[PDB]
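Engineer: Just so it is clear, I am handing over structure-v6.cif, which has mmCIF, C-alpha atoms and all ligand atoms.
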```
data_structure
#
loop_
_atom_site.label_atom_id
_atom_site.label_comp_id
_atom_site.auth_asym_id
_atom_site.auth_seq_id
_atom_site.Cartn_x
_atom_site.Cartn_y
_atom_site.Cartn_z
CA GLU A 1 -4.90 17.92 22.76
CA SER A 2 -1.82 15.77 22.07
CA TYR A 3 -4.33 13.14 20.83
CA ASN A 4 -4.93 15.26 17.74
CA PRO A 5 -2.98 14.41 14.56
CA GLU A 6 -2.76 18.11 13.62
CA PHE A 7 -1.39 19.19 17.03
CA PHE A 8 1.23 21.80 16.19
CA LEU A 9 4.13 19.98 17.86
CA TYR A 10 4.04 17.05 15.43
CA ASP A 11 5.07 19.22 12.45
CA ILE A 12 7.85 20.79 14.49
CA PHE A 13 9.24 17.39 15.48
CA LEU A 14 8.89 16.09 11.92
CA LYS A 15 10.69 19.04 10.34
CA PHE A 16 13.54 18.43 12.78
CA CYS A 17 13.61 14.68 12.11
CA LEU A 18 13.62 15.20 8.35
CA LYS A 19 16.62 17.54 8.65
CA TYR A 20 18.75 15.75 11.27
CA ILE A 21 17.70 12.13 11.95
CA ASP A 22 18.42 9.06 9.84
CA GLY A 23 15.37 7.84 7.92
CA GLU A 24 15.37 4.34 9.37
CA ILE A 25 15.70 5.75 12.90
CA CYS A 26 12.74 8.03 12.14
CA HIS A 27 10.76 4.99 11.01
CA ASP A 28 11.74 2.96 14.08
CA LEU A 29 10.61 5.83 16.32
CA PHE A 30 7.27 5.96 14.53
CA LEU A 31 6.79 2.22 14.94
CA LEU A 32 7.80 2.46 18.60
CA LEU A 33 5.17 5.13 19.24
CA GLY A 34 2.60 2.94 17.51
CA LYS A 35 3.73 -0.12 19.48
CA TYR A 36 2.91 1.66 22.75
CA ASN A 37 -0.35 3.13 21.39
CA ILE A 38 0.84 6.70 21.85
CA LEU A 39 0.34 7.99 18.33
CA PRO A 40 -2.36 10.65 17.87
CA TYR A 41 -5.63 9.47 16.42
CA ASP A 42 -8.71 10.58 14.52
CA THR A 43 -11.65 8.22 15.13
CA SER A 44 -14.15 10.75 13.71
CA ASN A 45 -16.79 9.61 11.25
CA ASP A 46 -15.65 9.91 7.64
CA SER A 47 -17.86 11.30 4.90
CA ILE A 48 -20.23 8.66 3.60
CA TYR A 49 -19.84 10.33 0.18
CA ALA A 50 -16.11 9.49 -0.04
CA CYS A 51 -16.46 5.80 0.70
CA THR A 52 -15.37 3.41 -2.02
CA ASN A 53 -15.32 -0.30 -2.77
CA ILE A 54 -13.49 -3.00 -4.66
CA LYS A 55 -15.91 -5.92 -5.06
CA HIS A 56 -17.24 -6.58 -1.52
CA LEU A 57 -14.38 -4.70 0.16
CA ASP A 58 -16.06 -1.57 1.52
CA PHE A 59 -13.49 1.10 2.37
CA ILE A 60 -14.71 3.71 4.86
CA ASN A 61 -12.58 6.29 3.04
CA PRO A 62 -10.30 6.20 0.02
CA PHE A 63 -6.88 6.34 1.74
CA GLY A 64 -4.75 3.46 2.94
CA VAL A 65 -1.10 2.97 3.77
CA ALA A 66 0.89 1.17 1.06
CA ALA A 67 3.03 -1.92 1.58
CA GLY A 68 6.47 -1.61 3.09
CA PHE A 69 5.48 0.82 5.85
CA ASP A 70 4.42 -1.68 8.53
CA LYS A 71 6.25 -4.64 7.01
CA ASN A 72 5.68 -6.86 10.05
CA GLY A 73 2.15 -5.87 11.07
CA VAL A 74 3.31 -4.56 14.44
CA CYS A 75 1.68 -1.13 14.13
CA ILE A 76 -1.69 -1.89 12.47
CA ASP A 77 -4.13 -0.41 15.00
CA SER A 78 -2.17 2.82 15.49
CA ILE A 79 -1.59 3.55 11.77
CA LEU A 80 -5.26 2.89 10.98
CA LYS A 81 -6.38 5.19 13.77
CA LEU A 82 -4.47 8.08 12.19
CA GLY A 83 -7.49 8.06 9.85
CA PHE A 84 -6.73 5.50 7.17
CA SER A 85 -9.31 2.99 5.96
CA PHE A 86 -6.83 0.23 5.30
CA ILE A 87 -3.22 -0.84 5.45
CA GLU A 88 -1.29 -3.29 3.33
CA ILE A 89 1.27 -5.07 5.56
CA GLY A 90 4.37 -6.75 4.22
CA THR A 91 5.81 -7.45 1.80
CA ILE A 92 6.34 -10.71 3.72
CA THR A 93 8.36 -13.76 2.69
CA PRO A 94 8.23 -17.38 3.98
CA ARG A 95 11.44 -17.03 6.02
CA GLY A 96 12.50 -13.81 7.66
CA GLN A 97 15.16 -11.64 6.02
CA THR A 98 17.18 -8.62 7.15
CA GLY A 99 17.34 -7.17 3.64
CA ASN A 100 20.09 -5.39 1.77
CA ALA A 101 23.01 -3.64 3.43
CA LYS A 102 22.61 -0.13 4.91
CA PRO A 103 22.53 2.74 4.07
CA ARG A 104 19.71 1.71 1.78
CA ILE A 105 17.02 4.42 2.23
CA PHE A 106 17.49 8.10 1.37
CA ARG A 107 14.98 10.97 1.47
CA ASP A 108 15.01 14.19 -0.55
CA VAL A 109 12.74 16.68 1.24
CA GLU A 110 13.00 19.27 -1.57
CA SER A 111 11.53 16.96 -4.22
CA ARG A 112 9.38 14.99 -1.69
CA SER A 113 11.00 11.80 -2.92
CA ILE A 114 12.57 8.65 -1.49
CA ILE A 115 14.90 6.02 -2.92
CA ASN A 116 15.15 2.57 -1.33
CA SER A 117 16.99 -0.66 -1.82
CA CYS A 118 15.47 -2.43 1.22
CA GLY A 119 15.23 -6.00 -0.17
CA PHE A 120 12.06 -7.31 1.61
CA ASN A 121 13.27 -7.15 5.18
CA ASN A 122 10.62 -8.76 7.41
CA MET A 123 10.25 -11.19 10.28
CA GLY A 124 8.89 -13.94 8.00
CA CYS A 125 5.38 -15.18 7.28
CA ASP A 126 5.02 -17.25 10.47
CA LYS A 127 5.88 -14.36 12.83
CA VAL A 128 3.90 -11.78 10.86
CA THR A 129 0.86 -14.09 10.90
CA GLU A 130 1.10 -14.16 14.72
CA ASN A 131 1.15 -10.34 14.72
CA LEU A 132 -1.85 -10.17 12.41
CA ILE A 133 -3.76 -12.71 14.54
CA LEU A 134 -3.25 -10.49 17.58
CA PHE A 135 -4.69 -7.57 15.62
CA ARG A 136 -7.68 -9.60 14.45
CA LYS A 137 -8.39 -10.52 18.08
CA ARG A 138 -8.26 -6.87 19.14
CA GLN A 139 -10.45 -5.96 16.18
CA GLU A 140 -13.12 -8.37 17.40
CA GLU A 141 -13.26 -6.40 20.68
CA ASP A 142 -13.11 -2.81 19.34
CA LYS A 143 -15.96 -1.44 17.23
CA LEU A 144 -13.79 1.45 16.07
CA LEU A 145 -11.66 -1.10 14.14
CA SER A 146 -14.46 -3.34 12.84
CA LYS A 147 -14.66 -1.86 9.34
CA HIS A 148 -10.95 -1.32 8.74
CA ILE A 149 -9.30 -3.49 6.10
CA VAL A 150 -5.90 -5.23 6.19
CA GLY A 151 -4.27 -6.57 3.03
CA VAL A 152 -1.11 -8.65 3.04
CA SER A 153 1.57 -8.23 0.39
CA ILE A 154 3.46 -11.44 -0.35
CA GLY A 155 6.73 -12.11 -2.11
CA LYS A 156 9.68 -14.47 -2.30
CA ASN A 157 12.82 -14.88 -0.27
CA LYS A 158 15.87 -13.66 -2.15
CA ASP A 159 17.34 -17.14 -2.64
CA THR A 160 14.11 -18.94 -3.61
CA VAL A 161 14.17 -20.43 -7.09
CA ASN A 162 10.43 -20.84 -7.73
CA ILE A 163 8.44 -17.83 -6.54
CA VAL A 164 5.16 -19.80 -6.60
CA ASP A 165 6.40 -22.05 -3.78
CA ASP A 166 6.89 -19.03 -1.53
CA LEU A 167 3.58 -17.44 -2.52
CA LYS A 168 1.73 -20.69 -1.70
CA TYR A 169 3.54 -20.87 1.60
CA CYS A 170 2.34 -17.41 2.59
CA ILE A 171 -1.23 -18.13 1.42
CA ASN A 172 -1.42 -21.26 3.52
CA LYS A 173 -0.27 -19.50 6.67
CA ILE A 174 -1.67 -15.93 6.54
CA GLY A 175 -4.40 -16.02 3.89
CA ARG A 176 -7.26 -16.73 6.27
CA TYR A 177 -6.45 -13.47 8.16
CA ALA A 178 -6.19 -11.21 5.12
CA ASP A 179 -8.95 -9.14 3.50
CA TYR A 180 -6.92 -9.22 0.28
CA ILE A 181 -3.57 -10.60 -0.86
CA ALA A 182 -1.24 -8.36 -2.95
CA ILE A 183 1.09 -10.35 -5.21
CA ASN A 184 4.36 -8.38 -5.34
CA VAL A 185 6.07 -9.07 -8.68
CA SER A 186 7.43 -5.50 -8.95
CA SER A 187 10.00 -4.69 -6.25
CA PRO A 188 13.18 -3.50 -8.01
CA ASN A 189 15.34 -4.73 -5.09
CA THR A 190 14.98 -8.51 -5.33
CA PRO A 191 16.94 -9.83 -8.32
CA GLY A 192 14.78 -11.36 -11.03
CA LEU A 193 11.48 -10.56 -9.32
CA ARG A 194 10.20 -8.18 -12.03
CA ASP A 195 10.74 -10.89 -14.66
CA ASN A 196 7.59 -12.47 -13.19
CA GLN A 197 5.59 -9.71 -14.90
CA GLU A 198 6.15 -11.58 -18.18
CA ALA A 199 2.72 -12.79 -19.26
CA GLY A 200 3.28 -16.54 -19.11
CA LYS A 201 4.92 -16.45 -15.69
CA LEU A 202 2.38 -14.00 -14.29
CA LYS A 203 -0.59 -16.05 -15.52
CA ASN A 204 0.78 -19.14 -13.78
CA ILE A 205 1.51 -17.11 -10.64
CA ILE A 206 -2.01 -15.67 -10.46
CA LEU A 207 -3.72 -19.01 -11.17
CA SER A 208 -1.54 -20.77 -8.57
CA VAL A 209 -2.28 -18.12 -5.93
CA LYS A 210 -6.03 -18.22 -6.63
CA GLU A 211 -6.02 -22.03 -6.54
CA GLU A 212 -4.20 -22.04 -3.21
CA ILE A 213 -6.61 -19.50 -1.79
CA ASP A 214 -9.60 -21.41 -3.14
CA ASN A 215 -8.26 -24.59 -1.48
CA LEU A 216 -8.15 -23.07 2.01
CA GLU A 217 -11.90 -23.74 2.16
CA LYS A 218 -11.51 -27.35 1.02
CA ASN A 219 -9.03 -27.99 3.84
CA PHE A 220 -14.82 -19.89 11.41
CA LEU A 221 -12.43 -19.87 8.48
CA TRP A 222 -12.12 -16.22 7.52
CA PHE A 223 -10.68 -14.36 10.50
CA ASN A 224 -10.62 -11.05 8.70
CA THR A 225 -12.88 -8.06 8.27
CA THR A 226 -15.02 -9.29 5.39
CA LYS A 227 -15.49 -12.83 6.76
CA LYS A 228 -14.88 -13.83 3.11
CA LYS A 229 -11.99 -15.31 1.17
CA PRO A 230 -9.31 -12.70 0.42
CA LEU A 231 -9.45 -10.88 -2.88
CA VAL A 232 -6.31 -11.07 -5.04
CA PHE A 233 -4.46 -8.00 -6.31
CA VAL A 234 -1.25 -7.69 -8.36
CA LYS A 235 1.21 -4.83 -7.78
CA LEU A 236 2.88 -3.74 -11.03
CA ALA A 237 6.11 -1.87 -11.78
CA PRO A 238 5.92 1.28 -13.95
CA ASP A 239 9.10 0.34 -15.85
CA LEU A 240 7.52 -1.64 -18.67
CA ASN A 241 7.15 -1.17 -22.42
CA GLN A 242 3.75 -1.06 -24.13
CA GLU A 243 3.80 -4.68 -25.26
CA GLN A 244 4.40 -5.79 -21.68
CA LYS A 245 1.61 -3.63 -20.28
CA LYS A 246 -0.91 -4.91 -22.84
CA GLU A 247 0.14 -8.53 -22.27
CA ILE A 248 -0.23 -8.06 -18.52
CA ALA A 249 -3.69 -6.56 -19.01
CA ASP A 250 -4.70 -9.58 -21.12
CA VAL A 251 -3.54 -11.94 -18.36
CA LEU A 252 -5.39 -9.97 -15.67
CA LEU A 253 -8.63 -10.17 -17.67
CA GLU A 254 -8.24 -13.91 -18.36
CA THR A 255 -7.29 -14.79 -14.74
CA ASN A 256 -10.00 -12.63 -13.11
CA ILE A 257 -7.67 -10.68 -10.80
CA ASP A 258 -9.70 -8.54 -8.36
CA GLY A 259 -7.52 -5.42 -8.56
CA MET A 260 -4.22 -4.02 -9.74
CA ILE A 261 -2.00 -1.79 -7.60
CA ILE A 262 -0.53 0.83 -9.97
CA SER A 263 2.32 1.24 -9.20
CA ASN A 264 5.50 0.33 -7.37
CA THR A 265 8.66 2.46 -7.41
CA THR A 266 10.53 3.42 -10.56
CA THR A 267 14.16 2.94 -11.62
CA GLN A 268 13.90 5.51 -14.44
CA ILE A 269 14.07 8.83 -12.52
CA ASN A 270 17.54 10.36 -12.97
CA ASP A 271 17.16 14.05 -11.97
CA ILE A 272 17.32 13.97 -8.14
CA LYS A 273 20.77 15.30 -7.29
CA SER A 274 21.11 13.62 -3.92
CA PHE A 275 20.16 10.23 -5.42
CA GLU A 276 22.77 10.14 -8.21
CA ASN A 277 24.58 6.76 -8.37
CA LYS A 278 22.28 5.15 -5.78
CA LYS A 279 20.61 1.80 -6.32
CA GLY A 280 16.92 1.28 -5.84
CA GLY A 281 13.45 2.44 -6.69
CA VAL A 282 12.17 5.99 -6.37
CA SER A 283 8.98 6.93 -4.56
CA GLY A 284 7.19 10.21 -4.04
CA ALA A 285 6.33 13.36 -5.94
CA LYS A 286 8.62 12.50 -8.84
CA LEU A 287 6.65 9.24 -9.38
CA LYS A 288 3.22 10.86 -9.64
CA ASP A 289 2.99 11.57 -13.39
CA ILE A 290 4.57 8.27 -14.45
CA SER A 291 2.18 6.30 -12.26
CA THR A 292 -0.95 8.31 -13.15
CA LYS A 293 -0.23 7.77 -16.85
CA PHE A 294 0.23 4.06 -16.14
CA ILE A 295 -3.20 4.05 -14.45
CA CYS A 296 -4.75 5.53 -17.60
CA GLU A 297 -3.00 2.96 -19.78
CA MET A 298 -4.01 -0.08 -17.74
CA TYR A 299 -7.56 1.15 -17.19
CA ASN A 300 -7.93 1.19 -20.95
CA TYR A 301 -5.99 -2.00 -21.68
CA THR A 302 -8.24 -3.88 -19.25
CA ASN A 303 -11.39 -2.18 -20.63
CA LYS A 304 -12.27 -0.77 -17.20
CA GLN A 305 -12.92 -4.31 -15.88
CA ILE A 306 -10.16 -4.46 -13.24
CA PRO A 307 -10.33 -2.09 -10.25
CA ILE A 308 -7.26 0.00 -9.63
CA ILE A 309 -5.49 0.78 -6.37
CA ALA A 310 -3.42 3.93 -6.88
CA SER A 311 0.12 4.25 -5.52
CA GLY A 312 2.66 6.90 -6.49
CA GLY A 313 3.24 10.52 -5.52
CA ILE A 314 -0.11 11.09 -3.79
CA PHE A 315 0.18 14.01 -1.35
CA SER A 316 -2.88 16.24 -1.78
CA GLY A 317 -6.59 15.91 -2.32
CA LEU A 318 -5.90 17.08 -5.88
CA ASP A 319 -3.37 14.32 -6.43
CA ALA A 320 -5.95 11.85 -5.13
CA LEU A 321 -8.61 13.11 -7.51
CA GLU A 322 -6.18 12.87 -10.43
CA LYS A 323 -5.66 9.18 -9.59
CA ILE A 324 -9.40 8.53 -9.18
CA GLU A 325 -10.36 10.34 -12.41
CA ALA A 326 -7.62 8.40 -14.19
CA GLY A 327 -9.31 5.16 -13.11
CA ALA A 328 -8.42 4.37 -9.49
CA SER A 329 -11.04 3.35 -6.93
CA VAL A 330 -8.83 3.86 -3.86
CA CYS A 331 -5.47 5.43 -2.99
CA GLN A 332 -2.41 4.30 -1.01
CA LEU A 333 0.03 6.70 0.68
CA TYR A 334 3.63 6.17 1.69
CA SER A 335 5.82 9.18 0.88
CA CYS A 336 3.00 11.45 2.07
CA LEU A 337 3.11 9.87 5.51
CA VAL A 338 6.90 10.33 5.59
CA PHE A 339 6.90 14.00 4.59
CA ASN A 340 3.56 15.16 6.12
CA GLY A 341 3.48 12.87 9.17
CA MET A 342 0.66 12.37 11.64
CA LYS A 343 -1.78 14.70 9.89
CA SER A 344 -1.54 12.96 6.50
CA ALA A 345 -4.89 11.18 6.51
CA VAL A 346 -6.91 13.94 8.18
CA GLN A 347 -5.57 16.59 5.81
CA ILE A 348 -5.92 14.66 2.57
CA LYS A 349 -9.46 13.48 3.39
CA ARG A 350 -10.47 17.08 4.03
CA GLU A 351 -8.90 18.28 0.80
CA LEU A 352 -10.57 15.56 -1.28
CA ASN A 353 -14.00 16.21 0.26
CA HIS A 354 -13.75 19.90 -0.54
CA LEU A 355 -12.64 19.08 -4.09
CA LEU A 356 -15.61 16.74 -4.59
CA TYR A 357 -17.89 19.56 -3.41
CA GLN A 358 -16.17 22.06 -5.71
CA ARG A 359 -16.17 19.79 -8.76
CA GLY A 360 -19.88 18.94 -8.50
CA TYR A 361 -19.59 15.22 -7.76
CA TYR A 362 -22.35 13.58 -5.79
CA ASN A 363 -19.86 11.09 -4.43
CA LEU A 364 -16.38 9.71 -5.00
CA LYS A 365 -17.60 6.71 -6.97
CA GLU A 366 -19.01 9.08 -9.62
CA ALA A 367 -15.47 10.37 -10.23
CA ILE A 368 -13.78 7.00 -10.91
CA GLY A 369 -12.38 7.00 -14.43
CA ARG A 370 -14.11 10.26 -15.40
CA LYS A 371 -11.07 11.37 -17.42
CA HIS A 372 -12.02 8.65 -19.95
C1 LIG B 1 9.68 10.78 8.96
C2 LIG B 1 9.03 9.39 9.09
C3 LIG B 1 7.93 9.08 9.84
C4 LIG B 1 7.06 10.09 10.58
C5 LIG B 1 7.63 10.47 11.96
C6 LIG B 1 8.68 9.76 12.56
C7 LIG B 1 9.09 10.15 13.85
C8 LIG B 1 8.41 11.20 14.45
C9 LIG B 1 8.81 11.67 15.86
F1 LIG B 1 7.78 11.51 16.72
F2 LIG B 1 9.90 10.98 16.27
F3 LIG B 1 9.12 12.97 15.79
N1 LIG B 1 7.39 11.86 13.88
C10 LIG B 1 7.00 11.50 12.66
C11 LIG B 1 6.34 11.22 9.79
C12 LIG B 1 5.59 9.98 10.24
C13 LIG B 1 7.64 7.73 9.69
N2 LIG B 1 8.59 7.22 8.89
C14 LIG B 1 9.47 8.21 8.52
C15 LIG B 1 10.68 7.98 7.62
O1 LIG B 1 11.51 8.79 7.33
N3 LIG B 1 10.75 6.65 7.08
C16 LIG B 1 11.82 6.28 6.17
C17 LIG B 1 11.47 6.79 4.77
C18 LIG B 1 11.91 4.76 6.23
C19 LIG B 1 11.01 3.81 5.69
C20 LIG B 1 11.53 2.58 6.02
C21 LIG B 1 11.00 1.20 5.70
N4 LIG B 1 10.62 0.16 5.48
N5 LIG B 1 12.64 2.78 6.69
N6 LIG B 1 12.91 4.11 6.83
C1 LIG B 2 11.28 2.28 2.14
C2 LIG B 2 10.20 1.72 1.22
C3 LIG B 2 9.89 0.37 1.34
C4 LIG B 2 8.89 -0.19 0.52
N1 LIG B 2 8.60 -1.53 0.63
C5 LIG B 2 7.58 -2.08 -0.14
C6 LIG B 2 7.21 -3.42 0.00
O1 LIG B 2 7.70 -4.19 0.87
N2 LIG B 2 6.23 -3.88 -0.84
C7 LIG B 2 5.65 -3.12 -1.80
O2 LIG B 2 4.76 -3.58 -2.52
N3 LIG B 2 5.99 -1.80 -1.91
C8 LIG B 2 6.95 -1.30 -1.09
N4 LIG B 2 7.26 0.04 -1.24
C9 LIG B 2 6.56 0.83 -2.31
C10 LIG B 2 5.42 1.61 -1.70
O3 LIG B 2 4.38 0.78 -1.20
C11 LIG B 2 4.77 2.53 -2.74
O4 LIG B 2 4.22 1.75 -3.79
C12 LIG B 2 5.75 3.53 -3.33
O5 LIG B 2 6.57 4.10 -2.31
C13 LIG B 2 5.01 4.60 -4.14
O6 LIG B 2 4.12 5.35 -3.36
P1 LIG B 2 4.50 6.83 -2.79
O7 LIG B 2 5.03 7.58 -3.99
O8 LIG B 2 3.29 7.42 -2.20
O9 LIG B 2 5.57 6.75 -1.72
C14 LIG B 2 8.24 0.59 -0.44
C15 LIG B 2 8.56 1.94 -0.56
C16 LIG B 2 9.54 2.49 0.27
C17 LIG B 2 9.87 3.95 0.08
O1 LIG B 3 11.69 -4.27 -0.05
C1 LIG B 3 11.97 -3.40 -0.92
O2 LIG B 3 13.15 -3.03 -1.20
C2 LIG B 3 10.91 -2.83 -1.83
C3 LIG B 3 9.88 -3.60 -2.25
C4 LIG B 3 8.99 -3.07 -3.13
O3 LIG B 3 8.11 -3.73 -3.54
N1 LIG B 3 9.12 -1.78 -3.55
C5 LIG B 3 10.15 -1.03 -3.11
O4 LIG B 3 10.25 0.11 -3.50
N2 LIG B 3 11.05 -1.57 -2.24
#
```
Show how you would write the structure in this file as structure tokens.
Ligand SMILES: Cc1c(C2(c3ccc(C(F)(F)F)nc3)CC2)c[nH]c1C(=O)N[C@H](C)c1cc(C#N)[nH]n1
Ligand SMILES: Cc1cc2nc3c(=O)[nH]c(=O)nc-3n(C[C@H](O)[C@H](O)[C@H](O)COP(=O)(O)O)c2cc1C
Ligand SMILES: O=C(O)c1cc(=O)[nH]c(=O)[nH]1
Structural biologist:
Amino acid sequence: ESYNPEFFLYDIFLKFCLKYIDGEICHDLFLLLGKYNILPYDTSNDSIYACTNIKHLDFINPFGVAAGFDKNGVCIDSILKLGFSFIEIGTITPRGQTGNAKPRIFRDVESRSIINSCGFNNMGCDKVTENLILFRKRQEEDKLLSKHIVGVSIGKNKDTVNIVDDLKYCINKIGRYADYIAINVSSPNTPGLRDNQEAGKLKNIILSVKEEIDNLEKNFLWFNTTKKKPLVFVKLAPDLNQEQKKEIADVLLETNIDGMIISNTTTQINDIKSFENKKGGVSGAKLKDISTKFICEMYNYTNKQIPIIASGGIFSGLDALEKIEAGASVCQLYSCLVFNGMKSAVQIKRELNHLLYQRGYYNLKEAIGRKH
């Protein structure tokens, strides 16, 4: 029964890794297991009452893996088959990059938190597109992958002056293979990137990305799950004042963005002892309340018209329901996969289903935004 994500040995190995093994080595080992298709899997049917959707994107369950986990799309099949409905690969950039100097990633098991200053390390858009094409070809031959969704997060190379040039580059090379495109204007580890959340710049960014996507048609096209043009999401940073949030919401309404990923990591958490004096953004349990509150704010600023993808401190079914009731349609995990490991998706799906039973919901969609 080594196939089973909850097999008792995985927790034993993970507890040991979390105590004694460098975080990036742990992540390399995970990707290596996925590379050779030797991760455990759960290909069981998911509850039809916990499915969700953003526009025509039909998620078989409400849990994906956030960006920055499989940056290069080399582990798509194996991560999905842990029990996730979708994965967001990237963030990718036109040219490859090795990222900031190491050590750059630190975990705090006690607070279930991570800090990272990675700096968009990836193989580059051209190589990651090849990896994603290989996955799409396997998907065409495997019915157990036919409904899974793959988004691509796109960004700029560190030295690029005009972000839009790099975003267009990625659209023109990988867009036809993506179910959605996530515009990353919120990493704290690329200088000047978050300035693109200013309303004027963001409006131009969104309109340019949508135009480039819309032009792919003009010049079987969609080799993705939906067989439709990718939806466009924006991923937002939680470190904004109220004026900025409202101005962003106005832009998202005017530009007809399909979804907002709330949120990226935060630079404002100061009370993790082992992280004192370290650069980078914080993920995990200490991000939950900040990011849930941000969901409530943006859900209201956008008048409930822009679907929300929740990211930040989601570990339990209860955390997931907090995000959904605050306004999210679907949830992304990252820190949960680090600290809970192979069982993450099976466990959290079970917890959420029981909570929907207990709370009286007919289905998950009934819960979206119920706090408001
Ligand atoms: C602990 C962990 C793991 C798991 C793991 C690894 C190895 C094994 C083994 F089979 F070997 F025991 N079991 C489970 C629990 C799933 C994956 N990832 C991490 C991790 O700590 N990732 C850090 C935050 C990271 C992130 C980045 C980037 N981008 N770089 N580094
Ligand atoms: C090591 C690491 C690398 C990440 N890289 C990316 C990235 O490339 N693009 C992105 O949009 N988010 C990236 N993130 C942010 C995560 O996708 C996620 O939004 C964040 O960790 C909050 O979710 P969590 O609290 O569940 O971990 C990264 C996070 C970590 C910890
Ligand atoms: O590449 C990174 O450093 C990174 C990107 C991002 O968007 N978020 C994050 O926390 N790290």
Engineer: Give the residue list for ligand LIG 1 (chain B) at 8 Å, counting all atoms listed in the file, as a PDB file with C-alpha atoms, keeping the file's coordinate frame, sorted by chain and then by residue number.
Structural biologist:
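Done, and the output landed in pocket.pdb:
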```pdb
ATOM      1  CA  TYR A  10       4.040  17.050  15.430  1.00  0.00           C
ATOM      2  CA  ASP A  11       5.070  19.220  12.450  1.00  0.00           C
ATOM      3  CA  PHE A  13       9.240  17.390  15.480  1.00  0.00           C
ATOM      4  CA  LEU A  14       8.890  16.090  11.920  1.00  0.00           C
ATOM      5  CA  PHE A  16      13.540  18.430  12.780  1.00  0.00           C
ATOM      6  CA  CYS A  17      13.610  14.680  12.110  1.00  0.00           C
ATOM      7  CA  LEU A  18      13.620  15.200   8.350  1.00  0.00           C
ATOM      8  CA  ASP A  22      18.420   9.060   9.840  1.00  0.00           C
ATOM      9  CA  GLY A  23      15.370   7.840   7.920  1.00  0.00           C
ATOM     10  CA  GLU A  24      15.370   4.340   9.370  1.00  0.00           C
ATOM     11  CA  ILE A  25      15.700   5.750  12.900  1.00  0.00           C
ATOM     12  CA  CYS A  26      12.740   8.030  12.140  1.00  0.00           C
ATOM     13  CA  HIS A  27      10.760   4.990  11.010  1.00  0.00           C
ATOM     14  CA  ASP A  28      11.740   2.960  14.080  1.00  0.00           C
ATOM     15  CA  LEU A  29      10.610   5.830  16.320  1.00  0.00           C
ATOM     16  CA  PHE A  30       7.270   5.960  14.530  1.00  0.00           C
ATOM     17  CA  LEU A  31       6.790   2.220  14.940  1.00  0.00           C
ATOM     18  CA  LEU A  33       5.170   5.130  19.240  1.00  0.00           C
ATOM     19  CA  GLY A  68       6.470  -1.610   3.090  1.00  0.00           C
ATOM     20  CA  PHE A  69       5.480   0.820   5.850  1.00  0.00           C
ATOM     21  CA  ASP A  70       4.420  -1.680   8.530  1.00  0.00           C
ATOM     22  CA  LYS A  71       6.250  -4.640   7.010  1.00  0.00           C
ATOM     23  CA  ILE A 105      17.020   4.420   2.230  1.00  0.00           C
ATOM     24  CA  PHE A 106      17.490   8.100   1.370  1.00  0.00           C
ATOM     25  CA  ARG A 107      14.980  10.970   1.470  1.00  0.00           C
ATOM     26  CA  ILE A 114      12.570   8.650  -1.490  1.00  0.00           C
ATOM     27  CA  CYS A 118      15.470  -2.430   1.220  1.00  0.00           C
ATOM     28  CA  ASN A 121      13.270  -7.150   5.180  1.00  0.00           C
ATOM     29  CA  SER A 335       5.820   9.180   0.880  1.00  0.00           C
ATOM     30  CA  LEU A 337       3.110   9.870   5.510  1.00  0.00           C
ATOM     31  CA  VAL A 338       6.900  10.330   5.590  1.00  0.00           C
ATOM     32  CA  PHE A 339       6.900  14.000   4.590  1.00  0.00           C
ATOM     33  CA  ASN A 340       3.560  15.160   6.120  1.00  0.00           C
ATOM     34  CA  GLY A 341       3.480  12.870   9.170  1.00  0.00           C
ATOM     35  CA  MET A 342       0.660  12.370  11.640  1.00  0.00           C
TER      36      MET A 342
END
```
Engineer: Collect all residues with atoms no farther than 6 Å from ligand LIG 2 (chain B), counting all atoms listed in the file, and output them as a PyMOL selection string.
Structural biologist: chain A and resi 66-68+90-91+114+116+120+184+263-265+283-284+287+311-314+333-336
Engineer: If you measure from atom CA of residue 165 of chain A to atom CA of residue 181 of chain A, what distance in Å do you get, rounded to one decimal?
Structural biologist: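 Interatomic distance, atom CA of residue 165 of chain A to atom CA of residue 181 of chain A: 15.5 Å.
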Engineer: Extract, using all atoms listed in the file, all DNA, RNA and protein residues at most 12 Å from segment 3-5 of chain A, discarding same-chain residues fewer than 6 positions from it, and format them as a PyMOL selection string.
Structural biologist: chain A and resi 11+37-44+78-79+81-83+337+340-347
Engineer: In Å, rounded to a single decimal, give me how far atom CA of residue 245 of chain A is from atom CA of residue 191 of chain A.
Structural biologist: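 Atom CA of residue 191 of chain A sits 20.4 Å away from atom CA of residue 245 of chain A.
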Engineer: Give me, as a PyMOL selection string, all polymer residues having an atom no more than 12 Å from residue 159 of chain A, counting only C-alpha atoms and skipping those fewer than 2 positions away in the same chain.
Structural biologist: chain A and resi 93-97+99+119-120+155-157+161-163+166+190-193
Engineer: In the coordinate frame of the file, compute which residues have an atom within 12 Å of (-6.5, -2.7, -22.7) when using all atoms listed in the file, and state them as an MDAnalysis selection string.
Structural biologist: chainID A and resid 242:253 294:306
Engineer: Have a look at A:272, A:167, A:185, A:48 and name the one nearest to residue 201 of chain A; count only C-alpha atoms.
Structural biologist: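 Smallest distance to residue 201 of chain A is found for A:185.
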Engineer: List as a list in words the protein and nucleic acid residues near residue 188 of chain A, meaning an atom at most 8 Å away when all atoms listed in the file are counted, but skip any in the same chain fewer than 4 places from it.
Structural biologist: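 So the residues in contact are residues 117, 193, 194, 265, 266, 267, 280 and 281 of chain A.
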